[PDB]
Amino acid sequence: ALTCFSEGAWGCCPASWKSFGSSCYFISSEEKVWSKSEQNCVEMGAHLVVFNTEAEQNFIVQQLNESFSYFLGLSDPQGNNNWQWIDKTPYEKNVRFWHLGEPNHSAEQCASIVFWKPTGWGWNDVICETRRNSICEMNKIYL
């Protein structure tokens, strides 16, 4: 089942997915390692989330549980601080919302969004083989 909204054409998302902008989003409450999280999003036709604007992140974090961290579509494969987005958008020309003091270790090659007060939601690099929740993102279905 799809839930469709008018585009002023229709923008459709799977019924259990949250809608925003030109993308659909799914918040996976099952804890997996990063590579298994990406494969789970790929099995639904999506990828791990790629943050393109601040507004996209503000919508997403309203759906999250503050007591958990969520894997993002951002990784450092060679541990050389060369962060790459899962959909090959340029990391240098894109938004970056790292927490104060992050990233902070080349061995932490995967990016996660987490709630650290007083700052709140922000990115943190973590070990990829740690099991955490994740966020998937696919484009809207236009009919």
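Note that residue numbering follows the sequence shown and begins at 1.
Going from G8 to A9, the model skips 4 to 9 deposited residues, which lack coordinates. Reading the B-factor column for the CA atoms of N40, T89, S112, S75 in the entry, the top value corresponds to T89.
Residue-level inspection of the entry shows that, of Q57, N82, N104, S69, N82 has the top Cα B-factor. Sorting the modelled residues of the chain by their CA temperature factor places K36 in the lowest third.
When all modelled residues of the chain are sorted by CA temperature factor, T130 is found within the middle third. Among all modelled residues in its chain, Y25 ranks in the lowest third by Cα B-factor. Ranked against the other modelled residues of its chain, the C-alpha B-factor of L143 as given in the entry falls in the highest third.
When the modelled residues of the chain are ordered by C-alpha B-factor, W123 sits in the lowest third.
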